[PDB]
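Here's run-v2.cif, which has mmCIF, C-alpha atoms and all ligand atoms:
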data_start
#
loop_
_atom_site.group_PDB
_atom_site.id
_atom_site.type_symbol
_atom_site.label_atom_id
_atom_site.label_comp_id
_atom_site.auth_asym_id
_atom_site.auth_seq_id
_atom_site.Cartn_x
_atom_site.Cartn_y
_atom_site.Cartn_z
ATOM 1 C CA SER A 1 34.516 -77.632 157.480
ATOM 2 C CA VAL A 2 31.548 -75.341 157.983
ATOM 3 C CA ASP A 3 32.374 -73.823 154.585
ATOM 4 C CA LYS A 4 33.492 -77.076 152.989
ATOM 5 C CA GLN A 5 30.116 -78.763 153.425
ATOM 6 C CA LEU A 6 28.034 -76.015 151.849
ATOM 7 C CA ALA A 7 30.510 -75.656 148.955
ATOM 8 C CA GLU A 8 30.116 -79.411 148.536
ATOM 9 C CA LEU A 9 26.335 -79.301 148.866
ATOM 10 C CA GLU A 10 26.312 -76.488 146.259
ATOM 11 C CA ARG A 11 28.711 -78.369 143.941
ATOM 12 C CA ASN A 12 26.426 -81.433 144.198
ATOM 13 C CA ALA A 13 23.241 -79.434 143.700
ATOM 14 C CA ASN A 14 24.554 -77.739 140.536
ATOM 15 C CA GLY A 15 23.495 -74.249 141.636
ATOM 16 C CA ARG A 16 24.825 -71.111 143.361
ATOM 17 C CA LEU A 17 24.213 -70.890 147.111
ATOM 18 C CA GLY A 18 23.941 -67.863 149.423
ATOM 19 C CA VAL A 19 23.679 -68.321 153.166
ATOM 20 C CA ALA A 20 23.674 -65.951 156.066
ATOM 21 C CA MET A 21 23.175 -66.931 159.702
ATOM 22 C CA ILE A 22 23.087 -64.753 162.801
ATOM 23 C CA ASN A 23 22.916 -66.199 166.233
ATOM 24 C CA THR A 24 21.624 -63.346 168.331
ATOM 25 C CA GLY A 25 22.830 -65.492 171.257
ATOM 26 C CA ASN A 26 26.511 -64.529 171.092
ATOM 27 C CA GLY A 27 26.538 -62.380 167.933
ATOM 28 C CA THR A 28 28.242 -64.826 165.627
ATOM 29 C CA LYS A 29 27.595 -65.318 161.902
ATOM 30 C CA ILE A 30 28.047 -68.053 159.311
ATOM 31 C CA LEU A 31 28.471 -66.509 155.854
ATOM 32 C CA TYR A 32 28.722 -68.244 152.484
ATOM 33 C CA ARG A 33 28.666 -66.062 149.341
ATOM 34 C CA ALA A 34 26.950 -63.597 151.704
ATOM 35 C CA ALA A 35 28.004 -60.496 149.700
ATOM 36 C CA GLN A 36 27.026 -61.835 146.244
ATOM 37 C CA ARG A 37 23.660 -60.795 144.740
ATOM 38 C CA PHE A 38 20.717 -63.215 144.315
ATOM 39 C CA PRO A 39 17.131 -62.828 143.017
ATOM 40 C CA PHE A 40 15.035 -62.379 146.154
ATOM 41 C CA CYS A 41 11.684 -63.369 144.574
ATOM 42 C CA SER A 42 8.749 -63.522 146.984
ATOM 43 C CA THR A 43 11.196 -62.984 149.883
ATOM 44 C CA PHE A 44 10.865 -59.225 149.446
ATOM 45 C CA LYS A 45 7.274 -59.452 150.657
ATOM 46 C CA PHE A 46 8.891 -59.544 154.110
ATOM 47 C CA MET A 47 10.635 -56.282 153.514
ATOM 48 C CA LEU A 48 7.405 -54.858 152.069
ATOM 49 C CA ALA A 49 5.416 -55.739 155.133
ATOM 50 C CA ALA A 50 8.071 -54.201 157.340
ATOM 51 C CA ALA A 51 7.752 -50.988 155.305
ATOM 52 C CA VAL A 52 3.987 -50.959 155.815
ATOM 53 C CA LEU A 53 4.547 -51.551 159.528
ATOM 54 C CA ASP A 54 7.081 -48.656 159.565
ATOM 55 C CA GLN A 55 4.561 -46.260 157.980
ATOM 56 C CA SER A 56 1.809 -47.249 160.403
ATOM 57 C CA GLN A 57 3.973 -45.881 163.191
ATOM 58 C CA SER A 58 2.704 -42.465 161.998
ATOM 59 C CA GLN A 59 -0.736 -43.547 160.847
ATOM 60 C CA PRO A 60 -2.711 -45.183 163.721
ATOM 61 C CA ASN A 61 -5.388 -46.179 161.243
ATOM 62 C CA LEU A 62 -3.225 -47.564 158.423
ATOM 63 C CA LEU A 63 -3.480 -51.255 159.397
ATOM 64 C CA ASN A 64 -7.243 -50.958 159.542
ATOM 65 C CA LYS A 65 -7.664 -49.067 156.245
ATOM 66 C CA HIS A 66 -10.289 -50.929 154.236
ATOM 67 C CA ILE A 67 -9.010 -51.449 150.661
ATOM 68 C CA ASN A 68 -11.579 -52.038 147.915
ATOM 69 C CA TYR A 69 -9.531 -53.613 145.147
ATOM 70 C CA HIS A 70 -10.989 -54.276 141.711
ATOM 71 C CA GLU A 71 -11.347 -57.213 139.289
ATOM 72 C CA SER A 72 -8.347 -55.959 137.222
ATOM 73 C CA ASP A 73 -5.859 -56.181 140.148
ATOM 74 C CA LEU A 74 -6.183 -59.988 140.420
ATOM 75 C CA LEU A 75 -3.239 -62.085 139.286
ATOM 76 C CA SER A 76 -2.570 -65.759 138.596
ATOM 77 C CA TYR A 77 -1.279 -66.303 142.124
ATOM 78 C CA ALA A 78 -3.603 -64.683 144.658
ATOM 79 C CA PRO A 79 -5.667 -67.270 146.627
ATOM 80 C CA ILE A 80 -6.526 -64.822 149.438
ATOM 81 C CA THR A 81 -7.307 -61.633 147.575
ATOM 82 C CA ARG A 82 -9.345 -63.863 145.233
ATOM 83 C CA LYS A 83 -11.297 -65.234 148.190
ATOM 84 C CA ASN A 84 -12.207 -61.671 149.336
ATOM 85 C CA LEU A 85 -12.728 -59.817 146.006
ATOM 86 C CA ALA A 86 -16.223 -58.848 146.938
ATOM 87 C CA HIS A 87 -15.800 -57.637 150.524
ATOM 88 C CA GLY A 88 -12.319 -56.032 150.059
ATOM 89 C CA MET A 89 -9.399 -56.486 152.580
ATOM 90 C CA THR A 90 -7.768 -54.404 155.288
ATOM 91 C CA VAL A 91 -4.159 -53.337 154.664
ATOM 92 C CA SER A 92 -3.307 -55.517 157.647
ATOM 93 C CA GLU A 93 -4.977 -58.599 156.146
ATOM 94 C CA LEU A 94 -3.193 -57.726 152.939
ATOM 95 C CA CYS A 95 0.051 -58.019 154.870
ATOM 96 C CA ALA A 96 -0.930 -61.383 156.409
ATOM 97 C CA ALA A 97 -1.853 -62.783 153.002
ATOM 98 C CA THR A 98 1.287 -61.497 151.294
ATOM 99 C CA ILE A 99 3.445 -63.060 154.027
ATOM 100 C CA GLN A 100 1.571 -66.201 154.834
ATOM 101 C CA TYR A 101 0.363 -67.247 151.362
ATOM 102 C CA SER A 102 2.709 -65.270 149.107
ATOM 103 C CA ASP A 103 -0.267 -63.553 147.371
ATOM 104 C CA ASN A 104 1.003 -61.345 144.489
ATOM 105 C CA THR A 105 -2.036 -59.115 144.199
ATOM 106 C CA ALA A 106 -1.804 -58.313 147.889
ATOM 107 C CA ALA A 107 1.805 -57.205 147.298
ATOM 108 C CA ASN A 108 1.162 -54.993 144.290
ATOM 109 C CA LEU A 109 -1.699 -53.499 146.310
ATOM 110 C CA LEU A 110 0.637 -52.780 149.220
ATOM 111 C CA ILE A 111 3.413 -51.313 147.087
ATOM 112 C CA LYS A 112 0.789 -49.005 145.585
ATOM 113 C CA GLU A 113 -0.385 -47.909 149.038
ATOM 114 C CA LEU A 114 3.199 -47.143 150.062
ATOM 115 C CA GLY A 115 3.297 -45.100 146.848
ATOM 116 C CA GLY A 116 5.433 -47.187 144.496
ATOM 117 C CA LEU A 117 8.553 -49.329 144.074
ATOM 118 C CA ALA A 118 10.867 -46.553 145.226
ATOM 119 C CA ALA A 119 9.136 -46.403 148.628
ATOM 120 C CA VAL A 120 10.224 -49.955 149.285
ATOM 121 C CA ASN A 121 13.794 -48.970 148.289
ATOM 122 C CA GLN A 122 13.742 -45.891 150.576
ATOM 123 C CA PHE A 123 12.515 -47.941 153.538
ATOM 124 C CA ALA A 124 15.329 -50.439 152.836
ATOM 125 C CA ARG A 125 17.889 -47.565 152.779
ATOM 126 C CA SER A 126 16.611 -46.049 155.983
ATOM 127 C CA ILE A 127 17.313 -49.283 157.876
ATOM 128 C CA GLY A 128 20.918 -49.522 156.728
ATOM 129 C CA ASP A 129 20.119 -51.957 153.925
ATOM 130 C CA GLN A 130 22.060 -50.637 150.917
ATOM 131 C CA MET A 131 21.744 -53.781 148.725
ATOM 132 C CA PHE A 132 18.001 -54.421 148.525
ATOM 133 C CA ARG A 133 16.714 -53.358 145.100
ATOM 134 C CA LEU A 134 13.144 -53.767 143.761
ATOM 135 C CA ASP A 135 12.882 -52.966 140.042
ATOM 136 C CA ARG A 136 9.597 -54.504 138.761
ATOM 137 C CA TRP A 137 6.065 -55.258 139.962
ATOM 138 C CA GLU A 138 4.628 -58.812 140.398
ATOM 139 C CA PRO A 139 4.741 -61.115 138.471
ATOM 140 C CA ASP A 140 7.626 -59.774 136.390
ATOM 141 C CA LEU A 141 10.112 -59.733 139.262
ATOM 142 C CA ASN A 142 10.693 -63.535 139.479
ATOM 143 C CA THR A 143 12.372 -64.015 136.087
ATOM 144 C CA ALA A 144 15.730 -64.576 137.960
ATOM 145 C CA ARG A 145 17.742 -64.168 134.733
ATOM 146 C CA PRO A 146 21.493 -64.976 135.037
ATOM 147 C CA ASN A 147 23.491 -61.970 136.282
ATOM 148 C CA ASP A 148 20.432 -59.746 136.151
ATOM 149 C CA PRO A 149 20.748 -57.294 139.128
ATOM 150 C CA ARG A 150 17.082 -56.373 138.971
ATOM 151 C CA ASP A 151 15.217 -57.351 142.108
ATOM 152 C CA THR A 152 18.140 -58.652 144.129
ATOM 153 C CA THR A 153 19.830 -58.478 147.517
ATOM 154 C CA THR A 154 22.752 -60.141 149.208
ATOM 155 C CA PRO A 155 22.203 -62.832 151.879
ATOM 156 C CA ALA A 156 24.032 -60.609 154.345
ATOM 157 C CA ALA A 157 21.891 -57.566 153.685
ATOM 158 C CA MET A 158 18.695 -59.577 154.170
ATOM 159 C CA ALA A 159 19.917 -61.208 157.359
ATOM 160 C CA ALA A 160 20.973 -57.873 158.895
ATOM 161 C CA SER A 161 17.557 -56.461 157.942
ATOM 162 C CA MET A 162 15.508 -59.358 159.267
ATOM 163 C CA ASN A 163 17.681 -59.141 162.412
ATOM 164 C CA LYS A 164 17.096 -55.391 162.930
ATOM 165 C CA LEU A 165 13.392 -55.720 161.973
ATOM 166 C CA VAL A 166 12.290 -58.810 163.929
ATOM 167 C CA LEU A 167 14.814 -58.922 166.779
ATOM 168 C CA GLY A 168 16.442 -55.470 166.773
ATOM 169 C CA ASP A 169 15.022 -52.006 167.313
ATOM 170 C CA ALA A 170 14.161 -51.049 163.773
ATOM 171 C CA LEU A 171 10.458 -50.940 164.745
ATOM 172 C CA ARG A 172 8.378 -50.049 167.801
ATOM 173 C CA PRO A 173 7.217 -53.138 169.785
ATOM 174 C CA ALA A 174 3.644 -53.580 168.558
ATOM 175 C CA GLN A 175 4.874 -53.353 164.974
ATOM 176 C CA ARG A 176 7.791 -55.665 165.772
ATOM 177 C CA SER A 177 5.417 -58.279 167.268
ATOM 178 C CA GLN A 178 3.024 -58.103 164.371
ATOM 179 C CA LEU A 179 5.925 -58.920 162.044
ATOM 180 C CA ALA A 180 7.089 -61.980 163.944
ATOM 181 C CA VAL A 181 3.421 -63.061 164.156
ATOM 182 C CA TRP A 182 2.712 -62.881 160.420
ATOM 183 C CA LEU A 183 5.992 -64.815 159.915
ATOM 184 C CA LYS A 184 4.987 -67.472 162.426
ATOM 185 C CA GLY A 185 1.765 -68.194 160.541
ATOM 186 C CA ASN A 186 3.484 -68.700 157.171
ATOM 187 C CA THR A 187 2.069 -71.612 155.205
ATOM 188 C CA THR A 188 4.661 -71.984 152.454
ATOM 189 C CA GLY A 189 7.633 -73.054 154.610
ATOM 190 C CA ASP A 190 7.170 -76.740 155.633
ATOM 191 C CA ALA A 191 9.596 -78.094 153.141
ATOM 192 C CA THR A 192 12.456 -75.631 153.339
ATOM 193 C CA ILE A 193 14.013 -74.203 156.547
ATOM 194 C CA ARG A 194 11.274 -75.765 158.783
ATOM 195 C CA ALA A 195 12.209 -79.220 157.483
ATOM 196 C CA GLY A 196 15.860 -78.956 158.637
ATOM 197 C CA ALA A 197 14.958 -77.774 162.158
ATOM 198 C CA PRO A 198 14.200 -79.631 165.427
ATOM 199 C CA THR A 199 10.472 -80.269 165.377
ATOM 200 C CA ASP A 200 10.196 -78.641 168.824
ATOM 201 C CA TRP A 201 11.534 -75.310 167.551
ATOM 202 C CA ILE A 202 9.268 -72.455 166.413
ATOM 203 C CA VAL A 203 10.008 -71.026 162.943
ATOM 204 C CA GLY A 204 8.799 -67.843 161.235
ATOM 205 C CA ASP A 205 9.809 -67.653 157.575
ATOM 206 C CA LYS A 206 9.301 -66.071 154.143
ATOM 207 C CA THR A 207 9.873 -68.226 151.076
ATOM 208 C CA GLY A 208 10.616 -67.322 147.444
ATOM 209 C CA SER A 209 10.526 -69.285 144.205
ATOM 210 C CA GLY A 210 10.977 -68.314 140.580
ATOM 211 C CA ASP A 211 12.705 -69.182 137.304
ATOM 212 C CA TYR A 212 16.135 -70.775 137.067
ATOM 213 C CA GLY A 213 14.756 -72.944 139.923
ATOM 214 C CA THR A 214 15.287 -70.025 142.315
ATOM 215 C CA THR A 215 14.527 -71.418 145.780
ATOM 216 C CA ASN A 216 14.738 -69.047 148.740
ATOM 217 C CA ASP A 217 13.763 -68.879 152.394
ATOM 218 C CA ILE A 218 14.316 -66.277 155.125
ATOM 219 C CA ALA A 219 13.680 -67.189 158.738
ATOM 220 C CA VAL A 220 13.724 -66.548 162.379
ATOM 221 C CA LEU A 221 13.987 -69.783 164.408
ATOM 222 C CA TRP A 222 13.078 -69.867 168.081
ATOM 223 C CA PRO A 223 15.210 -72.647 169.698
ATOM 224 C CA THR A 224 14.374 -74.685 172.820
ATOM 225 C CA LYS A 225 17.459 -73.444 174.642
ATOM 226 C CA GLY A 226 18.726 -69.939 173.979
ATOM 227 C CA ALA A 227 18.253 -66.871 171.835
ATOM 228 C CA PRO A 228 16.558 -66.569 168.378
ATOM 229 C CA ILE A 229 18.631 -67.313 165.283
ATOM 230 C CA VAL A 230 18.381 -65.495 161.912
ATOM 231 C CA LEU A 231 18.787 -67.737 158.838
ATOM 232 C CA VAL A 232 18.837 -66.672 155.162
ATOM 233 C CA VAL A 233 19.237 -69.241 152.352
ATOM 234 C CA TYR A 234 19.104 -68.308 148.604
ATOM 235 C CA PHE A 235 19.655 -70.715 145.722
ATOM 236 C CA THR A 236 19.708 -70.634 141.896
ATOM 237 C CA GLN A 237 20.509 -73.078 139.076
ATOM 238 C CA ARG A 238 21.729 -73.492 135.449
ATOM 239 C CA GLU A 239 18.499 -73.803 133.475
ATOM 240 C CA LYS A 240 15.403 -71.579 133.336
ATOM 241 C CA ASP A 241 12.892 -74.392 133.838
ATOM 242 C CA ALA A 242 14.927 -75.916 136.646
ATOM 243 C CA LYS A 243 12.631 -77.394 139.290
ATOM 244 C CA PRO A 244 12.989 -75.928 142.859
ATOM 245 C CA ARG A 245 15.475 -77.466 145.273
ATOM 246 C CA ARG A 246 13.701 -77.108 148.615
ATOM 247 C CA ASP A 247 15.676 -80.134 149.862
ATOM 248 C CA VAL A 248 18.856 -78.002 149.458
ATOM 249 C CA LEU A 249 17.424 -75.447 151.883
ATOM 250 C CA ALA A 250 16.503 -78.297 154.313
ATOM 251 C CA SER A 251 20.074 -79.654 154.087
ATOM 252 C CA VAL A 252 21.687 -76.235 154.530
ATOM 253 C CA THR A 253 19.607 -75.721 157.641
ATOM 254 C CA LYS A 254 20.687 -79.150 158.934
ATOM 255 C CA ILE A 255 24.353 -78.168 158.463
ATOM 256 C CA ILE A 256 24.116 -74.742 160.068
ATOM 257 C CA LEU A 257 22.353 -76.158 163.105
ATOM 258 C CA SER A 258 24.999 -78.779 163.790
ATOM 259 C CA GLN A 259 27.599 -75.990 164.093
ATOM 260 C CA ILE A 260 25.350 -74.495 166.739
HETATM 261 B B1 LIG B 1 7.060 -66.143 145.269
HETATM 262 O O1 LIG B 1 8.379 -65.932 145.095
HETATM 263 O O2 LIG B 1 6.493 -66.838 146.326
HETATM 264 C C1 LIG B 1 5.582 -67.820 145.790
HETATM 265 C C2 LIG B 1 5.223 -67.294 144.430
HETATM 266 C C3 LIG B 1 4.231 -67.755 143.576
HETATM 267 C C4 LIG B 1 4.142 -67.107 142.366
HETATM 268 F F1 LIG B 1 3.187 -67.533 141.489
HETATM 269 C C5 LIG B 1 4.940 -66.038 141.984
HETATM 270 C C6 LIG B 1 5.928 -65.601 142.847
HETATM 271 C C7 LIG B 1 6.057 -66.213 144.097
HETATM 272 CL CL CL B 2 8.552 -56.757 171.658
#
Starting from the coordinates I provided, produce the structure as structure tokens.
Amino acid sequence: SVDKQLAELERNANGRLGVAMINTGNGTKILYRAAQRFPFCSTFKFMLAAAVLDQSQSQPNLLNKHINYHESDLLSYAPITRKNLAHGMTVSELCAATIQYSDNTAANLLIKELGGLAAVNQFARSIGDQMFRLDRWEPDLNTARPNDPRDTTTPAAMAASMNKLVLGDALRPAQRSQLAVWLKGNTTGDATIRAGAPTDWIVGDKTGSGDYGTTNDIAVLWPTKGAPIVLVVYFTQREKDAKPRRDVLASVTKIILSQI
């Protein structure tokens, strides 16, 4: 029933759908195609910020490091780093921007500070995530080509990680809080998981879009009654210039929340 509705939603939507849900209330999970790979797109920015937060556990001054980025770093999609070209940004603001606005330059800048793509992989491995895999820099990583494993995860791996990172004990508390906070101030989420959620709830989220109408969102939801819930929804379609299907994410959320 739980399964049948998603399968039916996915049939109807003409794409492939990946859900994982974790109610940290009891400890129960709703999984649909949870072990299949999907192109994460901008959703990895979450993992990237966690990595930065992990590294700042050693480096008291990391978050406050002033970064003076150049003209040549700027990309098509970078409202915030564009706005502050001239004054530079702190690593910490870089994190807010990457999360809350999905700024690509900020991300590239942060990967470089961590010391490259493989440092995001290694952070992913050290938290038990064995599926996360970053292969290219922005903007090349949102091609979402059919059965291309580059730059993918599984819904389950991303839920487990978001769970450990935001609600578990992956991080120390100040770093943990910072992560939730960035998430809470996200500005790209109104139309996806937020839209399928009681308007009284509080949602922190990271979205993703890309080719093949890849539409993704990864969220913590703070309910009125009870414990936080982890929700990961990934979706992809037939054609390369497919338009996003945010509605599908809204409807998935609506389904999952009835069950609870
Ligand atoms: B991403 O997946 O989040 C939004 C976005 C914009 C863009 F231009 C490239 C990649 C992403
Ligand atoms: Cl805390």
### Selection dump of the PyMOL selection byres (((chain A and resi 68) around 8) and not hetatm), as JSON, numbers by chain
{"A": [66, 67, 69, 70, 87, 88, 89]}
### Query
When distances are computed from only C-alpha atoms, which of A:156, A:167, A:255, A:231 shows the smallest separation from residue 196 in chain A?
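Of all the options, A:255 lies closest to residue 196 in chain A.
Non-sequential neighbours of residue 124 in chain A (distance at most 10 Å, separation of 2 or more positions within a chain, all atoms listed in the file) are residues 47, 48, 50, 51, 118, 119, 120, 121, 122, 126, 127, 128, 129, 130, 131, 132, 133, 134, 157, 158 and 161 of chain A.
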### Query
Exactly which residues make up the result of the PyMOL selection byres (((chain A and resi 23-35) around 8) and not hetatm) on this file, given as an MDAnalysis selection string?
chainID A and resid 3 6 17:22 36:37 154:157 226:230 256
What do you get as an mmCIF file with C-alpha atoms, in the frame of the given file if you pick all residues at most 10 Å from ligand LIG 1 (chain B), counting only C-alpha atoms and all ligand atoms?
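Dumped everything to out-v3.cif:
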data_model
loop_
_atom_site.group_PDB
_atom_site.id
_atom_site.type_symbol
_atom_site.label_atom_id
_atom_site.label_comp_id
_atom_site.auth_asym_id
_atom_site.auth_seq_id
_atom_site.Cartn_x
_atom_site.Cartn_y
_atom_site.Cartn_z
ATOM 1 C CA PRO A 39 17.131 -62.828 143.017
ATOM 2 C CA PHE A 40 15.035 -62.379 146.154
ATOM 3 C CA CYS A 41 11.684 -63.369 144.574
ATOM 4 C CA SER A 42 8.749 -63.522 146.984
ATOM 5 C CA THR A 43 11.196 -62.984 149.883
ATOM 6 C CA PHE A 44 10.865 -59.225 149.446
ATOM 7 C CA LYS A 45 7.274 -59.452 150.657
ATOM 8 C CA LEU A 75 -3.239 -62.085 139.286
ATOM 9 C CA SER A 76 -2.570 -65.759 138.596
ATOM 10 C CA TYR A 77 -1.279 -66.303 142.124
ATOM 11 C CA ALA A 78 -3.603 -64.683 144.658
ATOM 12 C CA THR A 98 1.287 -61.497 151.294
ATOM 13 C CA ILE A 99 3.445 -63.060 154.027
ATOM 14 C CA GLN A 100 1.571 -66.201 154.834
ATOM 15 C CA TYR A 101 0.363 -67.247 151.362
ATOM 16 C CA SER A 102 2.709 -65.270 149.107
ATOM 17 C CA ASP A 103 -0.267 -63.553 147.371
ATOM 18 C CA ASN A 104 1.003 -61.345 144.489
ATOM 19 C CA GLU A 138 4.628 -58.812 140.398
ATOM 20 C CA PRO A 139 4.741 -61.115 138.471
ATOM 21 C CA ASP A 140 7.626 -59.774 136.390
ATOM 22 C CA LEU A 141 10.112 -59.733 139.262
ATOM 23 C CA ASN A 142 10.693 -63.535 139.479
ATOM 24 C CA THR A 143 12.372 -64.015 136.087
ATOM 25 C CA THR A 188 4.661 -71.984 152.454
ATOM 26 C CA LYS A 206 9.301 -66.071 154.143
ATOM 27 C CA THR A 207 9.873 -68.226 151.076
ATOM 28 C CA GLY A 208 10.616 -67.322 147.444
ATOM 29 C CA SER A 209 10.526 -69.285 144.205
ATOM 30 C CA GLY A 210 10.977 -68.314 140.580
ATOM 31 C CA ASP A 211 12.705 -69.182 137.304
ATOM 32 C CA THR A 214 15.287 -70.025 142.315
ATOM 33 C CA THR A 215 14.527 -71.418 145.780
ATOM 34 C CA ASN A 216 14.738 -69.047 148.740
ATOM 35 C CA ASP A 217 13.763 -68.879 152.394
#
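Comparing A:203, A:13, A:107, A:63 by their smallest distance to residue 247 in chain A, the closest is A:13 (using only C-alpha atoms).
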### Task
Can you give me, as a PyMOL selection string, the residues this file yields under the PyMOL selection byres (((not hetatm)) within 9 of (chain B and resi 2))?
chain A and resi 166-167+172-177
### Query
In Å, with one decimal, what is the gap from CA of residue 148 in chain A to CA of residue 135 in chain A?
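Value for the CA of residue 148 in chain A-CA of residue 135 in chain A distance: 10.9 Å.
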### Two-atom distance - CA of residue 191 in chain A, CA of residue 251 in chain A (Å)
10.6 Å
### Query
Expressed in Å to a single decimal, how great is the separation between CA of residue 93 in chain A and CA of residue 159 in chain A?
25.1 Å
### Long-range neighbours of residue 73 in chain A as a list in words, 10 Å cut-off, all atoms listed in the file, 6 positions minimum in chain
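Non-adjacent residues within range: residues 81, 82, 85, 104, 105, 106, 108 and 109 of chain A.
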### Query
Which residue, A:182, A:38, A:234, A:46, has the smallest gap to residue 92 in chain A when you use all atoms listed in the file?
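Residue with the minimum atom-to-atom distance to residue 92 in chain A: A:182.
Those DNA, RNA and protein residues that approach the point (13.6, -77.6, 133.4) to within 12 Å, considering all atoms listed in the file, are residues 211, 212, 213, 214, 237, 238, 239, 240, 241, 242, 243 and 244 of chain A.
When all atoms listed in the file are used to measure the gap to residue 235 in chain A, the shortest distance among A:257, A:52, A:9, A:96 belongs to A:9.
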Box centre and edge lengths (Å, one decimal), axis-aligned, range 48-55 of chain A plus 6 Å each side, as JSON:
{"center_x": 6.0, "center_y": -51.0, "center_z": 155.8, "size_x": 16.1, "size_y": 21.5, "size_z": 19.5}
### Summary
One residue among A:4, A:112, A:225, A:184 is nearest to residue 205 in chain A when using all atoms listed in the file, and that residue is A:184
How would range 186-199 of chain A look written as a PDB file, in the first residue's frame with N, CA, C and O atoms?
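Final file, part-v8.pdb:
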ATOM      1  N   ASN A 186      17.524  27.215   4.255  1.00  0.00           N
ATOM      2  CA  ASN A 186      17.617  26.916   2.836  1.00  0.00           C
ATOM      3  C   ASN A 186      16.543  27.684   2.074  1.00  0.00           C
ATOM      4  O   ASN A 186      15.396  27.746   2.517  1.00  0.00           O
ATOM      5  N   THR A 187      16.894  28.213   0.896  1.00  0.00           N
ATOM      6  CA  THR A 187      15.899  29.008   0.186  1.00  0.00           C
ATOM      7  C   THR A 187      15.429  28.320  -1.087  1.00  0.00           C
ATOM      8  O   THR A 187      14.666  28.943  -1.827  1.00  0.00           O
ATOM      9  N   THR A 188      15.885  27.079  -1.350  1.00  0.00           N
ATOM     10  CA  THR A 188      15.507  26.479  -2.621  1.00  0.00           C
ATOM     11  C   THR A 188      14.454  25.389  -2.442  1.00  0.00           C
ATOM     12  O   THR A 188      14.195  24.658  -3.398  1.00  0.00           O
ATOM     13  N   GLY A 189      13.843  25.280  -1.250  1.00  0.00           N
ATOM     14  CA  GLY A 189      13.059  24.094  -0.905  1.00  0.00           C
ATOM     15  C   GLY A 189      11.524  24.236  -0.886  1.00  0.00           C
ATOM     16  O   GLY A 189      10.836  23.234  -0.687  1.00  0.00           O
ATOM     17  N   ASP A 190      10.971  25.429  -1.135  1.00  0.00           N
ATOM     18  CA  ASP A 190       9.551  25.690  -0.911  1.00  0.00           C
ATOM     19  C   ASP A 190       8.680  24.712  -1.682  1.00  0.00           C
ATOM     20  O   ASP A 190       7.551  24.443  -1.270  1.00  0.00           O
ATOM     21  N   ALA A 191       9.185  24.208  -2.802  1.00  0.00           N
ATOM     22  CA  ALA A 191       8.242  23.627  -3.732  1.00  0.00           C
ATOM     23  C   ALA A 191       8.366  22.108  -3.687  1.00  0.00           C
ATOM     24  O   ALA A 191       7.577  21.400  -4.310  1.00  0.00           O
ATOM     25  N   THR A 192       9.369  21.614  -2.953  1.00  0.00           N
ATOM     26  CA  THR A 192       9.582  20.183  -2.938  1.00  0.00           C
ATOM     27  C   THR A 192       9.105  19.614  -1.603  1.00  0.00           C
ATOM     28  O   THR A 192       7.905  19.652  -1.359  1.00  0.00           O
ATOM     29  N   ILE A 193      10.008  19.122  -0.733  1.00  0.00           N
ATOM     30  CA  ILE A 193       9.569  18.472   0.501  1.00  0.00           C
ATOM     31  C   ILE A 193       8.749  19.421   1.390  1.00  0.00           C
ATOM     32  O   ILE A 193       7.748  18.976   1.947  1.00  0.00           O
ATOM     33  N   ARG A 194       9.126  20.711   1.503  1.00  0.00           N
ATOM     34  CA  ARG A 194       8.370  21.681   2.291  1.00  0.00           C
ATOM     35  C   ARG A 194       6.903  21.622   1.895  1.00  0.00           C
ATOM     36  O   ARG A 194       6.040  21.577   2.763  1.00  0.00           O
ATOM     37  N   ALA A 195       6.637  21.578   0.582  1.00  0.00           N
ATOM     38  CA  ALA A 195       5.270  21.734   0.080  1.00  0.00           C
ATOM     39  C   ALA A 195       4.353  20.552   0.443  1.00  0.00           C
ATOM     40  O   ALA A 195       3.134  20.703   0.443  1.00  0.00           O
ATOM     41  N   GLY A 196       4.919  19.383   0.772  1.00  0.00           N
ATOM     42  CA  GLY A 196       4.105  18.246   1.179  1.00  0.00           C
ATOM     43  C   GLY A 196       4.022  18.069   2.695  1.00  0.00           C
ATOM     44  O   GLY A 196       3.695  16.989   3.162  1.00  0.00           O
ATOM     45  N   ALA A 197       4.319  19.116   3.472  1.00  0.00           N
ATOM     46  CA  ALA A 197       4.524  18.970   4.908  1.00  0.00           C
ATOM     47  C   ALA A 197       3.620  19.936   5.668  1.00  0.00           C
ATOM     48  O   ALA A 197       3.420  21.077   5.248  1.00  0.00           O
ATOM     49  N   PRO A 198       3.090  19.553   6.843  1.00  0.00           N
ATOM     50  CA  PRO A 198       2.183  20.442   7.567  1.00  0.00           C
ATOM     51  C   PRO A 198       2.900  21.779   7.643  1.00  0.00           C
ATOM     52  O   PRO A 198       4.123  21.821   7.767  1.00  0.00           O
ATOM     53  N   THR A 199       2.136  22.863   7.531  1.00  0.00           N
ATOM     54  CA  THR A 199       2.737  24.182   7.431  1.00  0.00           C
ATOM     55  C   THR A 199       3.254  24.624   8.801  1.00  0.00           C
ATOM     56  O   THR A 199       3.979  25.601   8.904  1.00  0.00           O
TER      57      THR A 199
END
